[PDB]
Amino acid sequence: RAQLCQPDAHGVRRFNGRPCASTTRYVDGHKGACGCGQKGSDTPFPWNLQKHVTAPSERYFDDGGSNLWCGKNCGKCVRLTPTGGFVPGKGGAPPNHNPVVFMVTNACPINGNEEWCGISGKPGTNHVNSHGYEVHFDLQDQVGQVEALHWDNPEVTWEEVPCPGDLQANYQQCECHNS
């Protein structure tokens, strides 16, 4: 048993009652779906390639909707805490369980990401991905910031939290701020 969050009666994986999420890492260089770069260009601000930022699965990104530009949850922050688990063959156990806060600045669409981001309802509606998680967080890794955490697709618990001050200030520059 590599996955430590066990499915509840509705199939949703949890760990001591808290909901779990799967995670992956990505590199693509795009500005992304919250507009965190210069208007009209596909160029991200450097901080949006360097900091702890995430592309959640589509139905969380837009709070049940399908908009892939200025989703409802752009600019939210989530605290992810490793459980020690992982999907066998698709991750590993991390060296510690320090929690890390990430800011939503992009989206992981269902199309082309069915295994991890193919979840057909928002959290709380008992819809899960193919590995049993109600939400997925794809972590930006342009500058190796996920490797610096030594995270290889860890299973995590997840919660929304207020953003740290520096990430709030960064988000103010994104086009979707106040949309």
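Position 1 is the first residue in the sequence shown; the rest follow in order.
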Going by the entry, of stretches 1 to 9 and 168 to 176 the one with greater average Cα B-factor is 1 to 9
Higher of the two mean Cα B-factors (38 to 46, 116 to 124; per PDB record) comes from 38 to 46
Among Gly132, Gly64, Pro56, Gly32, highest Cα B-factor in the entry goes to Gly64
Based on the PDB entry, the highest CA temperature factor among the options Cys74, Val87, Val78, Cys108 is that of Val87
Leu139: C-alpha B-factor third of its chain, per the entry, is the lowest
